[PDB]
């Protein structure tokens, strides 16, 4: 009917708290658990039995009784204390896990049992409500006002600034459309600033092509399956082609580097530094594609629509492996792990390192002919690009802070960048310190 989505929205609005209030509540329940002096809580176990319970697809009363049973089994006073304190290895609360899984019935049951809505849970919910599952549940479309990249997101996703806006919007988690637009803009800005860098001319052209073809609105592509056909035809034409790839609530990186114009061979470069990847495999993996024809338009359309179609991480990765002939990667670039973020910037950005490695391998005539100097030059070129992005964003943040010196979000963003990146380049530290002091001298 109409009752389930409306009740869900009302409950999630009523259960909304600031991060500090939820931390204080968790500390309170920790104090109560310590005063009781019983068995210590096991979060991993609790999440195991939570997934096992959700798989049973039980109704309200059965679900509530088993929820409290499994919460007592894992060393929690009640279901409520478990829902408020438990956290899996990825850092998700149970409500956050259920929302990212687009399991809206389970998330509603969690709110019935006292799960609360911090900024992260609200952000993950907002990402999940742009999905086919959110529409079948009865939710309305997201309001268009929310398509624009929030300033805290715009600066934190690029500069790695963990903070929350005064309106409660966290720096983490974002839709594919504005963040991929930002990535396209950044690669094209680096290309225009270094027009003699052929690698980045090619990379900027590929990014622009797939940004225009995918036609993302929020986190759903609006040209399927035409965008899949365009990208597949570009791949079989022998051109560099980026592939926007996602699963339920998570974004990765995917691209194809051809051996040359009109070639049929090349490389499939996949990147995941966050959810779904093991700690040892965090980063970029390069598959050798000796026939690009298994990269079909249907495959590309599935990749772009992974989140909105409700596809899981394993279905997406299986399709990627099958497109690579189910052979193992020939090379792995280790890149640092990211948690509690759908990696709309991290994965697509770090994918460029693999792109450059494949371009260098093509330059020297193959991966087996890559020398140490080649790979070290590749990594310093990638680090040059990332430093260009970082300097541009720091200057943009300083300029915006001066042109709006009383804004709480900009001031807090600058302070938090200074405070969480003390070993940054001292000229950017100076830029933002001078921005901060000029912003107070409008007393």
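Numbering follows the first chain given and starts at 1.
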Comparing mean C-alpha B factor in the record for 235 to 243 and 120 to 128, the higher one is 235 to 243
With respect to the recorded C-alpha B factors, which stretch has the higher mean value, 368 to 376 or 293 to 301?
368 to 376
Which of 259, 341, 136, 353 ranks first by CA B-factor in the deposited coordinates
259
Taking only the Cα B-factors deposited for this chain, tell me whether residue 195 sits in the lowest, middle or highest third.
highest
Binned into thirds over the chain's modelled residues, the C-alpha B-factor of residue 266 lands in the highest
Sort the modelled residues of this chain by their C-alpha B factor and say whether residue 101 lands in the lowest, middle or highest third.
lowest
Taking the values exactly as deposited, rank residue 76 by C-alpha B-factor within its chain and report the matching third: lowest, middle or highest.
highest
Chain thirds by Cα B factor, record data; residue 15 belongs to the lowest
